[PDB]
>>> print(open('upload-v7.pdb').read())   # PDB, C-alpha atoms (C1' of nucleotides)
ATOM      1  CA  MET A   1     176.903 213.375-190.871
ATOM      2  CA  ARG A   2     178.296 216.029-188.539
ATOM      3  CA  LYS A   3     178.688 213.550-185.677
ATOM      4  CA  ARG A   4     182.473 213.657-185.976
ATOM      5  CA  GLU A   5     182.486 217.451-185.658
ATOM      6  CA  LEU A   6     180.223 217.084-182.631
ATOM      7  CA  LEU A   7     182.651 214.464-181.299
ATOM      8  CA  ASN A   8     185.628 216.781-181.839
ATOM      9  CA  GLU A   9     183.755 219.483-179.917
ATOM     10  CA  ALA A  10     183.219 216.900-177.175
ATOM     11  CA  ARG A  11     186.918 215.953-177.273
ATOM     12  CA  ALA A  12     187.939 219.592-176.889
ATOM     13  CA  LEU A  13     186.375 219.723-173.402
ATOM     14  CA  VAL A  14     186.619 216.267-171.772
ATOM     15  CA  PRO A  15     189.327 213.579-172.034
ATOM     16  CA  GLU A  16     188.779 210.447-174.007
ATOM     17  CA  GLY A  17     187.669 208.055-171.267
ATOM     18  CA  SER A  18     184.165 209.471-170.883
ATOM     19  CA  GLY A  19     180.969 207.807-172.044
ATOM     20  CA  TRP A  20     179.273 211.205-172.262
ATOM     21  CA  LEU A  21     181.051 212.060-175.505
ATOM     22  CA  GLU A  22     179.233 209.404-177.517
ATOM     23  CA  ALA A  23     176.055 210.597-175.780
ATOM     24  CA  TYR A  24     176.712 214.290-176.426
ATOM     25  CA  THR A  25     174.214 216.664-178.053
ATOM     26  CA  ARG A  26     174.433 220.438-178.329
ATOM     27  CA  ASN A  27     170.632 220.707-178.451
ATOM     28  CA  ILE A  28     170.040 218.942-175.149
ATOM     29  CA  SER A  29     167.015 219.610-172.977
ATOM     30  CA  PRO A  30     167.506 220.215-169.239
ATOM     31  CA  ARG A  31     165.149 217.314-168.666
ATOM     32  CA  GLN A  32     167.603 214.900-170.205
ATOM     33  CA  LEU A  33     170.420 216.573-168.281
ATOM     34  CA  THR A  34     168.618 216.029-164.976
ATOM     35  CA  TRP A  35     168.167 212.374-165.900
ATOM     36  CA  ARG A  36     171.750 211.950-167.165
ATOM     37  CA  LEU A  37     173.179 213.372-163.963
ATOM     38  CA  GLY A  38     170.655 211.082-162.290
ATOM     39  CA  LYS A  39     172.257 208.137-164.105
ATOM     40  CA  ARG A  40     175.800 208.578-162.760
ATOM     41  CA  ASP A  41     177.413 207.454-159.504
ATOM     42  CA  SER A  42     180.985 208.793-159.587
ATOM     43  CA  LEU A  43     182.381 212.277-159.110
ATOM     44  CA  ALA A  44     184.488 211.853-162.245
ATOM     45  CA  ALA A  45     181.264 211.538-164.247
ATOM     46  CA  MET A  46     179.673 214.687-162.816
ATOM     47  CA  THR A  47     182.951 216.494-163.467
ATOM     48  CA  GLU A  48     182.790 215.257-167.084
ATOM     49  CA  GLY A  49     179.194 216.458-167.335
ATOM     50  CA  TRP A  50     180.073 219.821-165.811
ATOM     51  CA  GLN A  51     182.890 220.613-168.233
ATOM     52  CA  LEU A  52     180.751 219.386-171.110
ATOM     53  CA  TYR A  53     177.546 221.163-170.157
ATOM     54  CA  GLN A  54     178.362 224.193-167.999
ATOM     55  CA  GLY A  55     176.473 226.342-170.511
ATOM     56  CA  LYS A  56     173.074 224.648-170.283
ATOM     57  CA  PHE A  57     172.529 224.186-166.539
ATOM     58  CA  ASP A  58     169.629 225.936-164.869
ATOM     59  CA  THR A  59     168.938 225.560-161.164
ATOM     60  CA  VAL A  60     167.412 222.072-161.363
ATOM     61  CA  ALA A  61     170.703 220.767-162.766
ATOM     62  CA  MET A  62     172.603 222.257-159.839
ATOM     63  CA  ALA A  63     170.133 220.688-157.389
ATOM     64  CA  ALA A  64     170.414 217.243-158.994
ATOM     65  CA  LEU A  65     174.180 217.739-159.079
ATOM     66  CA  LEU A  66     174.344 218.361-155.332
ATOM     67  CA  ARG A  67     172.150 215.315-154.661
ATOM     68  CA  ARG A  68     174.469 213.243-156.830
ATOM     69  CA  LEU A  69     177.362 214.633-154.818
ATOM     70  CA  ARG A  70     175.682 213.372-151.634
ATOM     71  CA  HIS A  71     175.006 210.074-153.431
ATOM     72  CA  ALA A  72     178.689 209.704-154.288
ATOM     73  CA  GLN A  73     179.526 210.731-150.719
ATOM     74  CA  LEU A  74     177.693 207.676-149.453
ATOM     75  CA  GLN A  75     178.319 205.251-152.366
ATOM     76  CA  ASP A  76     181.449 206.248-154.333
ATOM     77  CA  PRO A  77     184.343 204.998-152.159
ATOM     78  CA  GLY A  78     187.109 207.142-153.656
ATOM     79  CA  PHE A  79     185.844 210.488-152.424
ATOM     80  CA  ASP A  80     188.043 213.578-152.336
ATOM     81  CA  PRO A  81     186.566 216.455-150.300
ATOM     82  CA  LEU A  82     188.992 218.976-151.783
ATOM     83  CA  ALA A  83     187.979 218.265-155.390
ATOM     84  CA  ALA A  84     184.351 218.411-154.243
ATOM     85  CA  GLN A  85     184.992 221.768-152.576
ATOM     86  CA  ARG A  86     186.688 223.362-155.615
ATOM     87  CA  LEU A  87     183.912 222.036-157.857
ATOM     88  CA  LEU A  88     181.357 223.445-155.398
ATOM     89  CA  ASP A  89     183.206 226.746-155.727
ATOM     90  CA  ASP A  90     182.914 226.430-159.526
ATOM     91  CA  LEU A  91     179.127 226.108-159.109
ATOM     92  CA  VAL A  92     178.876 229.719-157.815
ATOM     93  CA  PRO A  93     179.225 232.012-160.902
ATOM     94  CA  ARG A  94     176.771 229.940-162.944
ATOM     95  CA  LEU A  95     174.229 230.592-160.187
ATOM     96  CA  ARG A  96     175.027 234.302-160.091
ATOM     97  CA  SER A  97     174.776 234.621-163.870
ATOM     98  CA  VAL A  98     171.585 232.571-164.400
ATOM     99  CA  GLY A  99     169.713 231.426-161.300
ATOM    100  CA  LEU A 100     169.722 234.871-159.701
ATOM    101  CA  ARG A 101     168.002 236.151-162.837
ATOM    102  CA  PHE A 102     165.578 233.309-163.602
ATOM    103  CA  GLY A 103     165.044 231.441-160.327
ATOM    104  CA  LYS A 104     161.519 230.482-159.397
ATOM    105  CA  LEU A 105     160.940 229.553-155.760
ATOM    106  CA  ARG A 106     160.636 225.819-156.530
ATOM    107  CA  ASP A 107     164.067 225.579-158.155
ATOM    108  CA  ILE A 108     165.877 227.638-155.540
ATOM    109  CA  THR A 109     164.267 225.706-152.691
ATOM    110  CA  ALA A 110     165.329 222.462-154.366
ATOM    111  CA  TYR A 111     168.946 223.638-154.549
ATOM    112  CA  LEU A 112     169.019 224.793-150.937
ATOM    113  CA  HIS A 113     167.555 221.469-149.836
ATOM    114  CA  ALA A 114     170.254 219.718-151.848
ATOM    115  CA  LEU A 115     173.020 221.733-150.202
ATOM    116  CA  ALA A 116     171.659 221.109-146.704
ATOM    117  CA  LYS A 117     171.325 217.461-147.770
ATOM    118  CA  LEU A 118     175.050 217.542-148.514
ATOM    119  CA  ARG A 119     175.729 218.946-145.050
ATOM    120  CA  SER A 120     173.560 216.290-143.378
ATOM    121  CA  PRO A 121     174.884 213.528-141.081
ATOM    122  CA  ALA A 122     174.749 209.817-141.869
ATOM    123  CA  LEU A 141     182.754 219.654-143.937
ATOM    124  CA  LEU A 142     181.507 220.923-147.293
ATOM    125  CA  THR A 143     180.426 224.582-147.286
ATOM    126  CA  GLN A 144     179.250 227.337-149.621
ATOM    127  CA  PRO A 145     179.444 231.108-149.054
ATOM    128  CA  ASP A 146     176.545 232.251-146.903
ATOM    129  CA  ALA A 147     176.008 235.414-148.966
ATOM    130  CA  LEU A 148     174.801 233.287-151.865
ATOM    131  CA  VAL A 149     172.521 231.303-149.534
ATOM    132  CA  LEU A 150     170.861 234.456-148.188
ATOM    133  CA  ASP A 151     170.625 236.016-151.639
ATOM    134  CA  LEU A 152     169.027 232.858-153.014
ATOM    135  CA  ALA A 153     166.641 233.012-150.049
ATOM    136  CA  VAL A 154     165.600 236.586-150.803
ATOM    137  CA  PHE A 155     165.463 235.999-154.556
ATOM    138  CA  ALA A 156     163.160 233.002-154.213
ATOM    139  CA  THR A 157     160.787 235.045-152.066
ATOM    140  CA  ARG A 158     161.041 238.439-153.809
ATOM    141  CA  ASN A 159     157.560 238.032-155.326
ATOM    142  CA  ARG A 160     154.580 237.502-153.056
ATOM    143  CA  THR A 161     152.341 235.656-155.533
ATOM    144  CA  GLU A 162     154.396 232.494-156.049
ATOM    145  CA  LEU A 163     154.978 232.421-152.303
ATOM    146  CA  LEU A 164     151.196 232.446-151.916
ATOM    147  CA  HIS A 165     150.877 229.458-154.206
ATOM    148  CA  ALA A 166     153.807 227.603-152.642
ATOM    149  CA  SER A 167     153.577 224.225-150.985
ATOM    150  CA  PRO A 168     154.089 223.716-147.221
ATOM    151  CA  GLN A 169     156.737 221.127-148.011
ATOM    152  CA  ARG A 170     158.582 223.790-150.005
ATOM    153  CA  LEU A 171     158.522 226.398-147.275
ATOM    154  CA  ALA A 172     159.546 224.114-144.430
ATOM    155  CA  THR A 173     162.188 222.606-146.702
ATOM    156  CA  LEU A 174     163.548 226.128-147.201
ATOM    157  CA  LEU A 175     163.478 226.541-143.424
ATOM    158  CA  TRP A 176     165.422 223.321-142.871
ATOM    159  CA  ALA A 177     167.938 224.471-145.462
ATOM    160  CA  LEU A 178     168.388 227.801-143.686
ATOM    161  CA  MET A 179     168.624 226.008-140.341
ATOM    162  CA  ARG A 180     171.386 223.731-141.604
ATOM    163  CA  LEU A 181     173.467 226.048-143.808
ATOM    164  CA  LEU A 182     173.896 229.157-141.731
ATOM    165  CA  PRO A 183     176.437 229.986-139.016
ATOM    166  CA  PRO A 184     174.943 231.236-135.730
ATOM    167  CA  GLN A 185     176.419 234.720-136.140
ATOM    168  CA  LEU A 186     174.269 235.339-139.218
ATOM    169  CA  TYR A 187     170.854 234.637-137.690
ATOM    170  CA  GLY A 188     170.592 238.363-136.942
ATOM    171  CA  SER A 189     171.123 239.299-140.594
ATOM    172  CA  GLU A 190     168.392 241.426-142.107
ATOM    173  CA  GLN A 191     167.954 239.296-145.239
ATOM    174  CA  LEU A 192     166.957 236.246-143.189
ATOM    175  CA  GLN A 193     164.512 238.497-141.343
ATOM    176  CA  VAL A 194     163.062 239.703-144.671
ATOM    177  CA  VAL A 195     162.647 236.052-145.716
ATOM    178  CA  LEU A 196     160.942 235.286-142.391
ATOM    179  CA  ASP A 197     158.687 238.336-142.844
ATOM    180  CA  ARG A 198     157.539 237.130-146.261
ATOM    181  CA  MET A 199     157.127 233.523-145.185
ATOM    182  CA  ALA A 200     155.129 234.351-142.053
ATOM    183  CA  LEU A 201     152.912 236.682-144.108
ATOM    184  CA  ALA A 202     152.306 233.798-146.493
ATOM    185  CA  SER A 203     151.994 230.827-144.157
ATOM    186  CA  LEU A 204     149.810 232.330-141.423
ATOM    187  CA  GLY A 205     146.883 232.392-143.836
ATOM    188  CA  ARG A 206     147.305 228.753-144.920
ATOM    189  CA  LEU A 207     148.155 227.289-141.500
ATOM    190  CA  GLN A 208     145.501 224.625-142.052
TER     191      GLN A 208
ATOM    192  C1'   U B   1     168.197 253.344-165.423
ATOM    193  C1'   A B   2     166.591 253.426-173.064
ATOM    194  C1'   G B   3     167.951 248.543-177.923
ATOM    195  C1'   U B   4     170.540 244.913-174.180
ATOM    196  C1'   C B   5     169.971 240.336-172.667
ATOM    197  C1'   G B   6     167.705 235.716-172.903
ATOM    198  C1'   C B   7     169.394 228.975-169.158
ATOM    199  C1'   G B   8     163.570 228.593-170.869
ATOM    200  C1'   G B   9     158.327 228.677-174.494
ATOM    201  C1'   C B  10     156.443 228.930-179.881
ATOM    202  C1'   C B  11     159.154 228.228-185.729
ATOM    203  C1'   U B  12     161.628 227.660-192.661
ATOM    204  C1'   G B  13     165.215 223.429-192.423
ATOM    205  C1'   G B  14     167.935 217.928-194.104
ATOM    206  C1'   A B  15     167.574 212.826-192.707
ATOM    207  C1'   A B  16     168.297 206.832-190.931
ATOM    208  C1'   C B  17     163.693 204.435-190.510
ATOM    209  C1'   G B  18     158.382 203.284-192.275
ATOM    210  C1'   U B  19     152.744 200.927-195.636
ATOM    211  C1'   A B  20     149.975 199.922-199.605
ATOM    212  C1'   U B  21     153.001 199.320-204.464
ATOM    213  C1'   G B  22     156.885 196.079-209.863
ATOM    214  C1'   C B  23     158.999 192.881-212.966
ATOM    215  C1'   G B  24     162.160 188.174-210.018
ATOM    216  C1'   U B  25     161.764 184.133-206.858
ATOM    217  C1'   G B  26     159.949 180.673-202.014
ATOM    218  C1'   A B  27     155.770 178.892-198.462
ATOM    219  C1'   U B  28     151.175 177.380-196.671
ATOM    220  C1'   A B  29     145.955 177.260-198.417
ATOM    221  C1'   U B  30     141.696 176.986-201.760
ATOM    222  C1'   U B  31     138.076 175.167-204.889
ATOM    223  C1'   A B  32     137.709 174.759-210.872
ATOM    224  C1'   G B  33     139.692 170.268-213.066
ATOM    225  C1'   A B  34     142.283 167.812-217.377
ATOM    226  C1'   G B  35     143.225 162.470-216.326
ATOM    227  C1'   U B  36     143.987 157.813-213.945
ATOM    228  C1'   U B  37     142.863 154.262-210.311
ATOM    229  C1'   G B  38     140.739 152.147-205.928
ATOM    230  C1'   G B  39     136.662 151.182-202.139
ATOM    231  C1'   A B  40     131.455 150.466-201.720
ATOM    232  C1'   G B  41     126.270 149.421-203.508
ATOM    233  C1'   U B  42     122.923 146.665-206.840
ATOM    234  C1'   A B  43     116.808 140.618-208.242
ATOM    235  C1'   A B  44     117.652 137.403-212.238
ATOM    236  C1'   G B  45     124.720 138.898-218.110
ATOM    237  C1'   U B  46     128.667 135.218-216.379
ATOM    238  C1'   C B  47     133.908 131.225-215.734
ATOM    239  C1'   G B  48     135.581 127.790-212.325
ATOM    240  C1'   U B  49     135.960 125.144-207.394
ATOM    241  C1'   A B  50     138.951 128.986-202.493
ATOM    242  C1'   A B  51     136.115 127.507-198.180
ATOM    243  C1'   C B  52     133.459 123.353-194.789
ATOM    244  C1'   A B  53     135.094 115.156-192.774
ATOM    245  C1'   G B  54     135.816 118.752-197.661
ATOM    246  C1'   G B  55     138.130 115.948-201.277
ATOM    247  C1'   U B  56     146.731 118.790-203.975
ATOM    248  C1'   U B  57     146.411 120.532-195.891
ATOM    249  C1'   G B  58     146.149 125.872-195.813
ATOM    250  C1'   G B  59     148.391 130.240-194.582
ATOM    251  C1'   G B  60     151.211 135.436-191.663
ATOM    252  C1'   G B  61     156.038 135.650-194.955
ATOM    253  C1'   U B  62     159.191 137.186-200.010
ATOM    254  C1'   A B  63     159.949 136.600-205.199
ATOM    255  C1'   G B  64     158.378 133.708-210.097
ATOM    256  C1'   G B  65     154.514 131.335-213.847
ATOM    257  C1'   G B  66     148.882 131.104-215.969
ATOM    258  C1'   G B  67     142.212 133.749-220.492
ATOM    259  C1'   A B  68     140.218 133.269-214.633
ATOM    260  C1'   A B  69     139.533 130.732-209.019
ATOM    261  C1'   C B  70     145.297 130.578-208.261
ATOM    262  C1'   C B  71     149.702 127.334-207.828
ATOM    263  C1'   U B  72     155.732 126.830-207.491
ATOM    264  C1'   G B  73     159.953 126.912-203.088
ATOM    265  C1'   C B  74     161.854 127.451-198.202
ATOM    266  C1'   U B  75     161.416 127.684-191.707
ATOM    267  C1'   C B  76     157.100 128.411-188.791
ATOM    268  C1'   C B  77     151.983 127.892-186.809
ATOM    269  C1'   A B  78     148.918 123.619-186.121
ATOM    270  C1'   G B  79     143.744 128.522-185.514
ATOM    271  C1'   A B  80     142.378 121.506-191.548
ATOM    272  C1'   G B  81     141.179 116.520-190.894
ATOM    273  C1'   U B  82     142.266 112.531-187.932
ATOM    274  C1'   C B  83     144.540 107.528-186.156
TER     275        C B  83
END
>>> encode(input="upload-v7.pdb", output="structure tokens")
Amino acid sequence: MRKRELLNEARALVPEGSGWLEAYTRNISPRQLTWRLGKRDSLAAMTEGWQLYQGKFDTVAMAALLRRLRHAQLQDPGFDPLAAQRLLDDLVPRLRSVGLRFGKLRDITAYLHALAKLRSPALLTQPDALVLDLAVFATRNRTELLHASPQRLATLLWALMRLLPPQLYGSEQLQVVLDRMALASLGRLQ
RNA sequence: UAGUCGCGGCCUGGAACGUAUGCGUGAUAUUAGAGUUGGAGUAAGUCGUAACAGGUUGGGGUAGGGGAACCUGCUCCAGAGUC
């Protein structure tokens, strides 16, 4: 019976042309959010989803969001790089509040792949401090890096090869990441 | 750095919907069978001549009349005789 109160809460965030507002739930799972961002094609729809559901996004939602941004970059014709860049700037403090406190290596690697996927040919940028701090936070624990997949680690390497400027290859945090990843991968070379 | 914090895992909650189920009121299906009528079968109860040159020349047809076989019209067919 409280669907109209839910709808008013939806109306208070997103204008009235969105199909998300009929679809809205407060008690959403992130699984459904990853699929619902996987169902959209236009940057207006991901903007609608972001201002509806900024509170419930963990790192998988950011990764699927960046893939959908690349998807709209090659399939939505009305693309604005400036709106994409300010939205990509809005993605930062959610990461620093949540994903730098609860990021497992899988999730963080998925996001960094998604961002390098955005910067891939067929220019959008993030701050490099977040990229390095995500790199050291995904590898801060040895044990999950021991159980990691080779696809994950080389995907992280391709992300760090695509995102970083050449002046920052001498940074110590990248070297700490390389230390950890060599100490993991040289045992499971085969 | 010591009560925070908690996107995420486990938990009292309401609820559309969802059998079997009850007096209404439909379908298909079943044998019981009141009760009527027809087909068939049968050595000796029985009334007349349909049928055959065959003794009123019969009949596919549609209605009438008679205790019974039946006959009465109207076009046809000759798949009844026969010069």
>>> interface_residues(input="upload-v7.pdb", of="chain B", to="chain A", cutoff="12 Å", atoms="only C-alpha atoms (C1' of nucleotides)", output="PyMOL selection string")
chain B and resi 5-8+14-16
>>> write_last_selection(input="upload-v7.pdb", atoms="C-alpha atoms (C1' of nucleotides)", output="PDB file, keeping the file's coordinate frame")
ATOM      1  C1'   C B   5     169.971 240.336-172.667  1.00  0.00           C
ATOM      2  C1'   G B   6     167.705 235.716-172.903  1.00  0.00           C
ATOM      3  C1'   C B   7     169.394 228.975-169.158  1.00  0.00           C
ATOM      4  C1'   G B   8     163.570 228.593-170.869  1.00  0.00           C
ATOM      5  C1'   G B  14     167.935 217.928-194.104  1.00  0.00           C
ATOM      6  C1'   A B  15     167.574 212.826-192.707  1.00  0.00           C
ATOM      7  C1'   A B  16     168.297 206.832-190.931  1.00  0.00           C
TER       8        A B  16
END
>>> residues_near_point(input="upload-v7.pdb", point="(143.7, 122.2, -194.9)", cutoff="6 Å", atoms="all atoms listed in the file", output="ChimeraX atom specification")
/B:57-58,80
>>> atom_distance(input="upload-v7.pdb", atom1="CA of residue 121 (chain A)", atom2="CA of residue 185 (chain A)")
21.8 Å
>>> atom_distance(input="upload-v7.pdb", atom1="CA of residue 95 (chain A)", atom2="CA of residue 51 (chain A)")
15.5 Å
>>> closest_residue(input="upload-v7.pdb", among="A:85, A:25, A:75, A:193", to="residue 144 (chain A)", atoms="only C-alpha atoms")
A:85
>>> decode(input="upload-v7.pdb", residues="region 3-79 of chain B", atoms="C-alpha atoms (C1' of nucleotides)", output="PDB file, in the first residue's frame")
ATOM      1  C1'   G B   3      31.749   1.806  21.756  1.00  0.00           C
ATOM      2  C1'   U B   4      32.191   3.650  16.251  1.00  0.00           C
ATOM      3  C1'   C B   5      31.020   2.019  11.832  1.00  0.00           C
ATOM      4  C1'   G B   6      28.794  -1.400   8.687  1.00  0.00           C
ATOM      5  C1'   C B   7      27.728  -1.245   0.867  1.00  0.00           C
ATOM      6  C1'   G B   8      27.437  -7.086   2.538  1.00  0.00           C
ATOM      7  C1'   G B   9      25.731 -12.407   5.606  1.00  0.00           C
ATOM      8  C1'   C B  10      21.952 -14.606   9.282  1.00  0.00           C
ATOM      9  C1'   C B  11      16.254 -12.683  11.706  1.00  0.00           C
ATOM     10  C1'   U B  12       9.809 -11.044  14.913  1.00  0.00           C
ATOM     11  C1'   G B  13       6.877  -8.698  10.823  1.00  0.00           C
ATOM     12  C1'   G B  14       1.894  -7.684   6.998  1.00  0.00           C
ATOM     13  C1'   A B  15       0.295  -9.263   2.197  1.00  0.00           C
ATOM     14  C1'   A B  16      -1.731 -10.004  -3.716  1.00  0.00           C
ATOM     15  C1'   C B  17      -1.685 -15.026  -5.096  1.00  0.00           C
ATOM     16  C1'   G B  18      -2.557 -20.582  -4.086  1.00  0.00           C
ATOM     17  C1'   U B  19      -5.305 -26.906  -3.043  1.00  0.00           C
ATOM     18  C1'   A B  20      -8.437 -30.168  -1.048  1.00  0.00           C
ATOM     19  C1'   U B  21     -13.354 -27.832   0.823  1.00  0.00           C
ATOM     20  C1'   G B  22     -20.347 -25.417   0.777  1.00  0.00           C
ATOM     21  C1'   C B  23     -25.073 -24.496  -0.288  1.00  0.00           C
ATOM     22  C1'   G B  24     -25.991 -22.456  -6.274  1.00  0.00           C
ATOM     23  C1'   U B  25     -25.579 -23.637 -11.265  1.00  0.00           C
ATOM     24  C1'   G B  26     -23.176 -25.887 -16.546  1.00  0.00           C
ATOM     25  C1'   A B  27     -20.366 -30.071 -19.346  1.00  0.00           C
ATOM     26  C1'   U B  28     -18.733 -34.734 -20.830  1.00  0.00           C
ATOM     27  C1'   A B  29     -19.043 -39.928 -19.031  1.00  0.00           C
ATOM     28  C1'   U B  30     -20.937 -44.375 -16.577  1.00  0.00           C
ATOM     29  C1'   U B  31     -23.652 -48.599 -15.579  1.00  0.00           C
ATOM     30  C1'   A B  32     -28.613 -49.566 -12.329  1.00  0.00           C
ATOM     31  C1'   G B  33     -33.288 -49.036 -14.930  1.00  0.00           C
ATOM     32  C1'   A B  34     -38.686 -47.562 -14.777  1.00  0.00           C
ATOM     33  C1'   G B  35     -40.986 -47.983 -19.784  1.00  0.00           C
ATOM     34  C1'   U B  36     -41.799 -48.281 -24.998  1.00  0.00           C
ATOM     35  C1'   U B  37     -40.574 -49.993 -29.757  1.00  0.00           C
ATOM     36  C1'   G B  38     -37.736 -52.222 -33.651  1.00  0.00           C
ATOM     37  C1'   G B  39     -34.307 -56.073 -35.961  1.00  0.00           C
ATOM     38  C1'   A B  40     -33.205 -61.229 -35.907  1.00  0.00           C
ATOM     39  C1'   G B  41     -34.066 -66.637 -34.822  1.00  0.00           C
ATOM     40  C1'   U B  42     -37.519 -70.864 -34.492  1.00  0.00           C
ATOM     41  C1'   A B  43     -40.611 -78.457 -37.442  1.00  0.00           C
ATOM     42  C1'   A B  44     -45.785 -78.836 -37.784  1.00  0.00           C
ATOM     43  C1'   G B  45     -51.263 -72.149 -34.331  1.00  0.00           C
ATOM     44  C1'   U B  46     -52.770 -69.185 -38.920  1.00  0.00           C
ATOM     45  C1'   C B  47     -55.612 -65.153 -43.335  1.00  0.00           C
ATOM     46  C1'   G B  48     -55.128 -64.166 -48.337  1.00  0.00           C
ATOM     47  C1'   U B  49     -52.696 -64.085 -53.390  1.00  0.00           C
ATOM     48  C1'   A B  50     -47.303 -59.779 -53.720  1.00  0.00           C
ATOM     49  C1'   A B  51     -44.013 -62.529 -56.952  1.00  0.00           C
ATOM     50  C1'   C B  52     -42.975 -65.893 -61.790  1.00  0.00           C
ATOM     51  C1'   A B  53     -46.222 -66.321 -69.740  1.00  0.00           C
ATOM     52  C1'   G B  54     -48.340 -65.090 -64.143  1.00  0.00           C
ATOM     53  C1'   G B  55     -53.308 -63.916 -64.628  1.00  0.00           C
ATOM     54  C1'   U B  56     -55.832 -55.129 -62.225  1.00  0.00           C
ATOM     55  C1'   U B  57     -48.294 -54.292 -65.537  1.00  0.00           C
ATOM     56  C1'   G B  58     -45.238 -53.123 -61.308  1.00  0.00           C
ATOM     57  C1'   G B  59     -42.344 -49.709 -58.942  1.00  0.00           C
ATOM     58  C1'   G B  60     -37.765 -45.378 -57.008  1.00  0.00           C
ATOM     59  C1'   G B  61     -41.371 -40.963 -55.711  1.00  0.00           C
ATOM     60  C1'   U B  62     -45.300 -37.956 -52.052  1.00  0.00           C
ATOM     61  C1'   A B  63     -49.969 -37.822 -49.597  1.00  0.00           C
ATOM     62  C1'   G B  64     -55.153 -40.512 -48.752  1.00  0.00           C
ATOM     63  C1'   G B  65     -58.616 -45.169 -47.788  1.00  0.00           C
ATOM     64  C1'   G B  66     -59.199 -50.820 -45.787  1.00  0.00           C
ATOM     65  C1'   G B  67     -59.903 -56.910 -39.926  1.00  0.00           C
ATOM     66  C1'   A B  68     -55.006 -58.457 -43.413  1.00  0.00           C
ATOM     67  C1'   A B  69     -51.728 -59.310 -48.604  1.00  0.00           C
ATOM     68  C1'   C B  70     -52.484 -53.750 -50.131  1.00  0.00           C
ATOM     69  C1'   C B  71     -54.899 -50.341 -53.689  1.00  0.00           C
ATOM     70  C1'   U B  72     -56.247 -44.654 -55.291  1.00  0.00           C
ATOM     71  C1'   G B  73     -53.595 -40.204 -58.513  1.00  0.00           C
ATOM     72  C1'   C B  74     -49.787 -37.821 -61.270  1.00  0.00           C
ATOM     73  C1'   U B  75     -44.332 -37.630 -64.825  1.00  0.00           C
ATOM     74  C1'   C B  76     -40.624 -41.336 -65.242  1.00  0.00           C
ATOM     75  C1'   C B  77     -38.175 -46.221 -65.964  1.00  0.00           C
ATOM     76  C1'   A B  78     -39.289 -50.238 -69.243  1.00  0.00           C
ATOM     77  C1'   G B  79     -34.953 -53.859 -64.852  1.00  0.00           C
TER      78        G B  79
END
